[PDB]
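Below is one structure; the comments refer to it alone.
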Amino acid sequence: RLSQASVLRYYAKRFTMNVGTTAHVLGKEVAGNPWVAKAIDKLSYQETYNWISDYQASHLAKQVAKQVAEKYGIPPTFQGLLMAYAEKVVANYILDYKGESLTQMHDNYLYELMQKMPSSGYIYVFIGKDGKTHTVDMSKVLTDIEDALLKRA
Amino acid sequence: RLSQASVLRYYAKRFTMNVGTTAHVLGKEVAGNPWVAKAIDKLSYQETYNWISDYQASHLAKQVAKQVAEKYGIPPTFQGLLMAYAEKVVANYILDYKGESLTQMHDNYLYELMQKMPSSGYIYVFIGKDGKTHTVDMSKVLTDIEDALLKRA
Amino acid sequence: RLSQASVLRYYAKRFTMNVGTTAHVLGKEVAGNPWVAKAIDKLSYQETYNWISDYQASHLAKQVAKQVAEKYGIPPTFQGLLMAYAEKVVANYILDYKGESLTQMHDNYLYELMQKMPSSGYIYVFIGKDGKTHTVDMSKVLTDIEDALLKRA
Amino acid sequence: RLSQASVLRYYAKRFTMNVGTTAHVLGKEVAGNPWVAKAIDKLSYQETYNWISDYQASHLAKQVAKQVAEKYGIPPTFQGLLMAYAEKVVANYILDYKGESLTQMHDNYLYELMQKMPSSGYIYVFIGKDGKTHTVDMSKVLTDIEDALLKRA
Amino acid sequence: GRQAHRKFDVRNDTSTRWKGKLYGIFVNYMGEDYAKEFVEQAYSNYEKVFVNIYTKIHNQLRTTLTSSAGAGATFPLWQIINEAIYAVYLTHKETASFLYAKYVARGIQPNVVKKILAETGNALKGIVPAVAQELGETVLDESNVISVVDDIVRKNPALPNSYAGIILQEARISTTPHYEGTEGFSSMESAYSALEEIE
Amino acid sequence: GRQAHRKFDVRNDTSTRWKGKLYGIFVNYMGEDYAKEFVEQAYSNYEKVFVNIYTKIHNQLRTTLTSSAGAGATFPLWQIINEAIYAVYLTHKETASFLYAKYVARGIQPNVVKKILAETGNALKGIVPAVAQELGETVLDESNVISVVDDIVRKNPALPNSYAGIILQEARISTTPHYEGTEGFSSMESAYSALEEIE
Amino acid sequence: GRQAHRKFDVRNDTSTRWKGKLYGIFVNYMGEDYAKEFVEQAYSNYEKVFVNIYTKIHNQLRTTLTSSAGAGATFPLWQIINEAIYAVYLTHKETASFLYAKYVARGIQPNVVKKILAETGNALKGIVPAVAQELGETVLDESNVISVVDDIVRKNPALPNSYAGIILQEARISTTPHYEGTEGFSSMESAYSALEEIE
DNA sequence: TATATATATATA
DNA sequence: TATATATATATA
DNA sequence: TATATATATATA
DNA sequence: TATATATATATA
DNA sequence: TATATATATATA
DNA sequence: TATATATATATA
DNA sequence: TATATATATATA
DNA sequence: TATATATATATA
DNA sequence: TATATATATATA
DNA sequence: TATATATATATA
């Protein structure tokens, strides 16, 4: 997860590649002067601003995915593959609308989640903490995630 | 086939006959001095330049012949005799036009490809890889090769 | 087997015959100059490139032959004669298709592996490491090697 | 024994015979140029790599032979003839299995260690450092060396 | 959307990337000479352990995995071939029955797990010499894998984590593919490496 | 276009061209004395094998070939008279029926192949003594060649490649055309050679 | 495919090839004079040992081998005539029964092995004088070879490897085919050598 | 080095 | 054109 | 360097 | 095809 | 460099 | 296999 | 550093 | 798109 | 810095 | 997972 430290950690590591591109084969000579340090500092601050300022959509879709995933008792392993739709949909569909309809994309990624028996590959079986076995279908949980994201938006 | 090494291989073997003609009955005496080595080196480089720079027409005609030959399932043996027209035509006809018309040359080399029964000596029978027997006529495949070469040119 | 050193070993020994053909009866005189050493060096590098780059088919057929040979407990002596088909087939049949069918070639080399009693000369008897005697037929192991090579290709 | 210096000592002496085979009757002329020195250097390094990398089996069999030989108070002279089985067995039997069984080879080399009275030529008598005379049989010590090598492998 | 498609694999230059980045970090730490010397020995162990075992196993199992449960989400299953190497073999820490009972709960049906756990041993026995004699002369199959492989773990209790580590290959004998008579029959990459090296 | 018209044949000086070029190449290889001595023995085998068999067969078959399928493209057929010498005779590696079945696929109609394969044996029997007794006292013809010539190959299996090689002529007895009573009746070139040699 | 058909045999020029190549290698090693002198003595031993024994035996056994198990794969068997010379005769290291038991496992049926091991001794006794008296006045046959030939090896234990080597022929007496009264009756090659030498 | 059809760059 | 020096396009 | 079956790249 | 220059796949 | 038993990597 | 180029395991 | 599905900001 | 520089979401 | 069982936060 | 950077819980 990201918290506090993550922004600083992304900030720190831009310095090397930025001072590389400012002065290409002159590192030792150029980097000595304080001015270039000031400028390259000042530049490497705006890139993190663009990154963090323009990442909220993905984080909020990721946020919405979690509580819906938890309510079915989904184990940790599949939570990431469920996390897929969050930004597979809050990027291609709602912000810019690449030329596709929703249902065909729903079918497409379901063509990536299959079983391959030759079991219910669309309704997995899971074991809970109390030992109560219960099952969930991917189709309905996916329908819930897109319409929930649309209402949230 | 020629690739990379062929140019070097042609370059290497000019040295002996060139140092022979530079100094005729004085090989041991003359070749010792470095200067003559420099000059004969420098000369033997331009001959390969003339050869490779002025050979493209033949290679491209040879190129065009192959795919047309392959599409009829022609076996390897006759491919060379088909390769004949490639430069029999891209030399005498189109570059310089020696005083002949096309049809008579077409007849002439066909007077070199005959059968001699006393079979269809203009339509051979061939066995493919799958065992499917099929036949091709020389007249039409030749017509295809000249008009294809003309359009390519 | 070949590994690392083999390429260098083939490279080294081209130098003598190449400097021989570059300057025919002038070795001591010509080879002194550094330039000719540079050129003959540069030439002898491409020949190994052509050799190693264009040898993979044989090595992979040789690769496929081994595991099939081992699974029948074939002793070392006959492994080479089994190695025969590997490139007897990945050269004449699949790359260029000289004008033969498969079955007749299968019969031909079997006409080189016979017994000559006047025993099962197509089913030899072998003694394993544990003392368990078991037998293998050449016909089926050959059928396995060609269809395995074809699927591998 | 080999230690540190042995690898270098084997490396050094390949140079003469390698520069001989690279340029056959042209030593003084060719060896002057630095390039050939670079190449022949680079080649003579891989041969030692193959030698030392592929010699471990013999050294470990030699290792196992020693402690077993010492426990019977065998004097130095016969230790080499005992060293025989180490690689007489870790080469013909276990790595590649030439077509023999173990017992007959055991009999064969014992047909090389005999006495010839017309004494116990299979049970020699030895004098220790303290003056205590004791005897050992070759048959059992050989049985111990092969089964110990097999378990070690 | 659709910025790119990253791919992760061993790509003939991972060695130099790793060495360079960790040299850049440690050059301040110890000084130039020690830093330059250190990363070689640092990477040699990784090369000897990860590359020679896990890469080969994964490359062997890729085809059958895509055939068996091929999809976008082979992720939950990809860790099984990795787990079977460490916990069951080379440490004997966990019984095969325990792993089968555990990992079903995540939802993968038994047949694939049985096939994978058995198929791993067949390839692994050839690679690591120490496993072979302990396993003995047998052929693993899903019919009897759950019965047979756990027999050893029952007989021998939990081994220490040293055996998974550096003590693995040094004390055991074998032959490189160079020899002339073993199975082996060396791969071709040792030729392209030389061809590159010549210039 | 039309630079020249090269012709390829045995032209009474091939010996010296071959010897000189291969002496020029090997003079650096071994030293002058060994190089000068070596090429003589090197060329003697080629002279004994190629010249005494293949040249005579080709010179015999040229006329009937030009008569039968004379054209510019006798190339696909020229290799048959060369193939029949090695595979069928002198090694018994391939049955005549197999060759007939194989080589038709390239498109040459059967009658010419039958005529050539039979005509080759008639000339070959006179040249090589070892073939004669194995073939026996018979006359080959396209009517019965495919029936008769393959009989021997059926009876005797694939011979080793040594017999095609150097072991060919040394152990068998015959008479040079010099004698007085054999067929022979030596050619005239042995006179022009002397006339040249006298100066 | 079908690049060529290499043949390997002793071809009246192997001497000069060997001498020249090994002179080219050693000229840098020691200097010109020593290198020129050395290869003569180097090759004389090889000529005296390999040529005078193994070549004759192989040339004798070729015909019966092609008759007995003639095929492309006479390779597994070709080493028997070579092995019988060294291990059984001239060193007494291995009993004939042991060799028969060993080499059957490779799959060749007993009758051919019995015929070959017996036929080798008949030819070998004539060539090497030292073998004759030890073998005595007997005729070897597959009926009794396995009974008789191993008798000597039972009586006399494993001889050292010196006897296979240089000590072989020098101390024993015989007559060259030149004499007038022995079996001998010299071959004709000593005439072609002179005829070549005259020019 | 031969056995056939056309090539382009060099020695006379 | 004929003499022979080297390179490409398929099997002897 | 031999004794057998097929290889690919080079000298004629 | 035959002549001989070097490399791979098992034992003389 | 010899006097014996086995080695592995290289020149032919 | 035999020819000779270098390395290991005990005393001449 | 790998083994899979999607991310946004940067070097070419 | 493919090449590799850094950050997030679960186990090797 | 080693000899064993689990940790959480960082470099690749 | 394996590579090595630092902190906690008992004796070498």
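Residue names in the structure tokens use chain letters A, B, ... in the order shown, residue numbers from 1 in each chain, and ligand numbers from 1 in the order shown.
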*Exercise: residue 90 in chain D partners within 12 Å, only C-alpha atoms (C1' of nucleotides), chain neighbours under 4 positions left out, as a ChimeraX atom specification*: /D:55-62,64-65,83-86,94-98,102,145-150,152-153 /E:173-175 /L:6-7
Would you save the residues from that selection as a compact mmCIF listing (two decimals), in the first residue's frame, using N, CA, C and O atoms (P, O5', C5', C4', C3', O3' and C1' of nucleotides)?
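The result, stored in result31.txt:
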```txt
# COMPACT_ATOMS: atom_id res chain seq x y z
N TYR D 55 36.97 -33.13 -14.53
CA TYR D 55 37.89 -34.06 -13.89
C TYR D 55 37.46 -34.40 -12.47
O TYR D 55 38.12 -35.20 -11.82
N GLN D 56 36.35 -33.84 -12.00
CA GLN D 56 35.99 -33.98 -10.59
C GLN D 56 35.68 -35.43 -10.22
O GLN D 56 35.99 -35.85 -9.10
N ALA D 57 35.08 -36.19 -11.13
CA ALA D 57 34.73 -37.57 -10.79
C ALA D 57 35.96 -38.36 -10.39
O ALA D 57 35.95 -39.07 -9.37
N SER D 58 37.03 -38.25 -11.17
CA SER D 58 38.24 -38.98 -10.87
C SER D 58 38.82 -38.54 -9.53
O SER D 58 39.24 -39.38 -8.73
N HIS D 59 38.84 -37.24 -9.27
CA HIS D 59 39.41 -36.75 -8.03
C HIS D 59 38.61 -37.23 -6.83
O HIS D 59 39.20 -37.56 -5.80
N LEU D 60 37.28 -37.27 -6.93
CA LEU D 60 36.50 -37.73 -5.79
C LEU D 60 36.63 -39.23 -5.57
O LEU D 60 36.65 -39.69 -4.42
N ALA D 61 36.72 -40.01 -6.65
CA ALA D 61 36.99 -41.44 -6.45
C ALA D 61 38.36 -41.63 -5.80
O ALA D 61 38.52 -42.46 -4.89
N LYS D 62 39.35 -40.86 -6.25
CA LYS D 62 40.66 -40.90 -5.63
C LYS D 62 40.58 -40.51 -4.17
O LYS D 62 41.29 -41.07 -3.32
N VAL D 64 37.94 -40.96 -2.12
CA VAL D 64 37.31 -42.03 -1.35
C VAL D 64 38.29 -43.18 -1.14
O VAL D 64 38.26 -43.85 -0.10
N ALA D 65 39.15 -43.45 -2.12
CA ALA D 65 40.06 -44.58 -1.98
C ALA D 65 41.01 -44.42 -0.79
O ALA D 65 41.35 -45.41 -0.13
N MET D 83 44.47 -47.44 -5.94
CA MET D 83 43.90 -46.28 -6.60
C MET D 83 43.33 -46.66 -7.95
O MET D 83 42.51 -45.92 -8.50
N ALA D 84 43.80 -47.77 -8.51
CA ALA D 84 43.30 -48.24 -9.80
C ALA D 84 41.78 -48.34 -9.83
O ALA D 84 41.13 -47.66 -10.64
N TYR D 85 41.18 -49.17 -8.96
CA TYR D 85 39.72 -49.32 -8.98
C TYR D 85 38.98 -48.00 -8.94
O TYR D 85 37.92 -47.89 -9.55
N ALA D 86 39.47 -47.03 -8.17
CA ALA D 86 38.74 -45.77 -8.07
C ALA D 86 38.21 -45.34 -9.43
O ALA D 86 36.99 -45.27 -9.65
N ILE D 94 29.76 -46.70 -13.75
CA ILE D 94 28.65 -45.92 -13.22
C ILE D 94 28.27 -44.77 -14.15
O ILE D 94 27.09 -44.47 -14.33
N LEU D 95 29.25 -44.10 -14.76
CA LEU D 95 28.91 -42.99 -15.65
C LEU D 95 28.29 -43.48 -16.96
O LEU D 95 27.26 -42.95 -17.39
N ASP D 96 28.90 -44.47 -17.61
CA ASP D 96 28.43 -44.84 -18.94
C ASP D 96 28.06 -46.30 -19.12
O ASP D 96 27.38 -46.62 -20.09
N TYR D 97 28.49 -47.20 -18.23
CA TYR D 97 28.12 -48.61 -18.32
C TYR D 97 28.50 -49.23 -19.66
O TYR D 97 27.62 -49.55 -20.46
N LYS D 98 29.79 -49.34 -19.93
CA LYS D 98 30.22 -50.27 -20.96
C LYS D 98 29.66 -51.65 -20.62
O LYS D 98 29.34 -51.95 -19.47
N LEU D 102 29.81 -56.17 -12.76
CA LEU D 102 30.83 -55.77 -11.79
C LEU D 102 31.75 -56.93 -11.42
O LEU D 102 32.98 -56.77 -11.38
N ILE D 145 35.69 -50.97 -1.29
CA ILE D 145 35.84 -49.77 -2.09
C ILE D 145 34.71 -49.61 -3.10
O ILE D 145 34.21 -48.49 -3.27
N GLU D 146 34.21 -50.69 -3.74
CA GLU D 146 33.16 -50.44 -4.72
C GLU D 146 31.85 -50.06 -4.03
O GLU D 146 31.14 -49.16 -4.50
N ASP D 147 31.49 -50.75 -2.94
CA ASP D 147 30.18 -50.39 -2.39
C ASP D 147 30.24 -49.03 -1.71
O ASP D 147 29.25 -48.29 -1.72
N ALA D 148 31.41 -48.65 -1.18
CA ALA D 148 31.56 -47.30 -0.65
C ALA D 148 31.46 -46.26 -1.75
O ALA D 148 30.84 -45.20 -1.57
N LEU D 149 32.08 -46.52 -2.91
CA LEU D 149 31.96 -45.57 -4.01
C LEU D 149 30.52 -45.45 -4.48
O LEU D 149 30.05 -44.35 -4.76
N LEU D 150 29.82 -46.58 -4.58
CA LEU D 150 28.42 -46.54 -5.00
C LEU D 150 27.55 -45.76 -4.03
O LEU D 150 26.72 -44.96 -4.48
N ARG D 152 28.61 -43.41 -2.00
CA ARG D 152 29.05 -42.02 -2.11
C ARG D 152 28.42 -41.35 -3.32
O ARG D 152 27.95 -40.21 -3.24
N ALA D 153 28.39 -42.05 -4.45
CA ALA D 153 27.77 -41.52 -5.66
C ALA D 153 26.28 -41.32 -5.44
O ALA D 153 25.67 -42.01 -4.62
N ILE E 173 28.17 -35.80 -6.58
CA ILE E 173 28.94 -36.03 -7.79
C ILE E 173 27.98 -36.15 -8.97
O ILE E 173 26.84 -36.58 -8.82
N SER E 174 28.46 -35.75 -10.15
CA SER E 174 27.70 -35.84 -11.39
C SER E 174 28.67 -35.60 -12.54
O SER E 174 29.89 -35.49 -12.33
N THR E 175 28.14 -35.49 -13.75
CA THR E 175 28.94 -35.14 -14.92
C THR E 175 28.25 -34.05 -15.72
O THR E 175 27.04 -34.12 -15.97
P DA L 6 45.15 -51.48 -16.46
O5' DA L 6 45.10 -49.89 -16.32
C5' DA L 6 44.05 -49.16 -16.92
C4' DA L 6 43.39 -48.24 -15.91
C3' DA L 6 42.86 -46.94 -16.47
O3' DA L 6 41.47 -47.08 -16.73
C1' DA L 6 44.36 -46.49 -14.68
P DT L 7 40.75 -46.17 -17.83
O5' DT L 7 40.66 -44.74 -17.14
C5' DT L 7 41.43 -43.67 -17.63
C4' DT L 7 41.47 -42.56 -16.62
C3' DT L 7 41.33 -41.16 -17.18
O3' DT L 7 39.95 -40.85 -17.35
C1' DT L 7 43.13 -41.22 -15.64
```
Tell me, as a PDB file with N, CA, C and O atoms, in the first residue's frame, which residues lie within 8 Å of residue 2 in chain M, counting only C-alpha atoms (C1' of nucleotides); anything in the same chain fewer than 2 positions away does not count.
```pdb
ATOM      1  N   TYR G  46      55.436 -46.425 -35.831  1.00  0.00           N
ATOM      2  CA  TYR G  46      54.060 -46.602 -36.271  1.00  0.00           C
ATOM      3  C   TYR G  46      53.998 -47.518 -37.481  1.00  0.00           C
ATOM      4  O   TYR G  46      53.160 -48.423 -37.542  1.00  0.00           O
ATOM      5  N   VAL G  49      54.642 -51.210 -36.393  1.00  0.00           N
ATOM      6  CA  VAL G  49      53.632 -51.843 -35.553  1.00  0.00           C
ATOM      7  C   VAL G  49      52.265 -51.882 -36.226  1.00  0.00           C
ATOM      8  O   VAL G  49      51.721 -52.963 -36.450  1.00  0.00           O
ATOM      9  N   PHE G  50      51.679 -50.727 -36.544  1.00  0.00           N
ATOM     10  CA  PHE G  50      50.311 -50.728 -37.051  1.00  0.00           C
ATOM     11  C   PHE G  50      50.233 -51.385 -38.424  1.00  0.00           C
ATOM     12  O   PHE G  50      49.429 -52.300 -38.642  1.00  0.00           O
TER      13      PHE G  50
END
```
*Contacts of residue 52 in chain C within 12 Å, only C-alpha atoms (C1' of nucleotides), excl. fewer than 2 positions in-chain, as a ChimeraX atom specification*: /C:2-4,6-8,10-11,45-50,54-59 /E:188-195 /J:8-9 /K:7-8
*Using only C-alpha atoms (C1' of nucleotides), select each residue of chain A with any atom at most 7 Å away from an atom of chain O, and give the selection as a VMD selection string.*
chain A and resid 1 to 2 10 13 76 to 77 80
*Output as number ranges by chain the set of chain D residues within 10 Å of chain F, with distances taken over only C-alpha atoms.*
D: 23-26
Preceding selection exported with N, CA, C and O atoms as a PDB file, in the first residue's frame:
```
ATOM      1  N   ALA D  23      49.341 -21.094 -36.981  1.00  0.00           N
ATOM      2  CA  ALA D  23      50.157 -20.770 -38.147  1.00  0.00           C
ATOM      3  C   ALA D  23      51.268 -21.806 -38.229  1.00  0.00           C
ATOM      4  O   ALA D  23      52.104 -21.901 -37.326  1.00  0.00           O
ATOM      5  N   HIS D  24      51.290 -22.570 -39.317  1.00  0.00           N
ATOM      6  CA  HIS D  24      52.020 -23.831 -39.307  1.00  0.00           C
ATOM      7  C   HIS D  24      53.511 -23.622 -39.519  1.00  0.00           C
ATOM      8  O   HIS D  24      54.323 -23.978 -38.658  1.00  0.00           O
ATOM      9  N   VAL D  25      53.899 -23.045 -40.651  1.00  0.00           N
ATOM     10  CA  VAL D  25      55.317 -22.876 -40.938  1.00  0.00           C
ATOM     11  C   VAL D  25      55.632 -21.388 -40.908  1.00  0.00           C
ATOM     12  O   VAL D  25      56.681 -20.944 -41.386  1.00  0.00           O
ATOM     13  N   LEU D  26      54.726 -20.602 -40.333  1.00  0.00           N
ATOM     14  CA  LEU D  26      54.915 -19.163 -40.194  1.00  0.00           C
ATOM     15  C   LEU D  26      54.791 -18.807 -38.714  1.00  0.00           C
ATOM     16  O   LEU D  26      53.741 -18.374 -38.242  1.00  0.00           O
TER      17      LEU D  26
END
```
Which residues in chain C does DSSP call strand (DSSP E or B)? List them as a short mmCIF file (atom, residue, chain, number, x, y, z; two decimals) with C-alpha atoms, in the first residue's frame.
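For reference, result.cif as written:
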```cif
data_model
loop_
_atom_site.label_atom_id
_atom_site.label_comp_id
_atom_site.auth_asym_id
_atom_site.auth_seq_id
_atom_site.Cartn_x
_atom_site.Cartn_y
_atom_site.Cartn_z
CA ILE C 123 14.44 -57.35 -32.98
CA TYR C 124 17.79 -57.46 -31.17
CA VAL C 125 18.24 -58.77 -27.63
CA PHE C 126 19.93 -56.56 -25.03
CA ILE C 127 21.22 -56.99 -21.48
CA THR C 133 16.97 -58.89 -20.68
CA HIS C 134 14.55 -57.07 -22.99
CA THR C 135 14.15 -56.66 -26.74
CA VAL C 136 13.38 -53.80 -29.14
CA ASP C 137 12.32 -53.76 -32.79
#
```
*Quick one: everything within 12 Å of residue 63 in chain G, counting only C-alpha atoms (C1' of nucleotides), minus sequence neighbours fewer than 5 positions away in the same chain. Send it as a list in words.*
residues 159, 160, 162, 163 and 167 of chain F; 57, 58, 68, 69, 70 and 116 of chain G
*Skip residue 184 in chain F itself and residues of its chain fewer than 6 positions away, then list as a PyMOL selection string all residues within 12 Å of it, counting only C-alpha atoms (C1' of nucleotides).*
chain F and resi 126-127+174-178
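Here CA of residue 91 in chain B and CA of residue 114 in chain B stand 23.5 Å from one another.
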*Which of range 39-138 of chain D DSSP labels alpha helix (DSSP H), written as a ChimeraX atom specification*: /D:39-53,56-71,76-89,102-110,138
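For the pair CA of residue 143 in chain B and CA of residue 1 in chain F, the interatomic distance is 21.4 Å.
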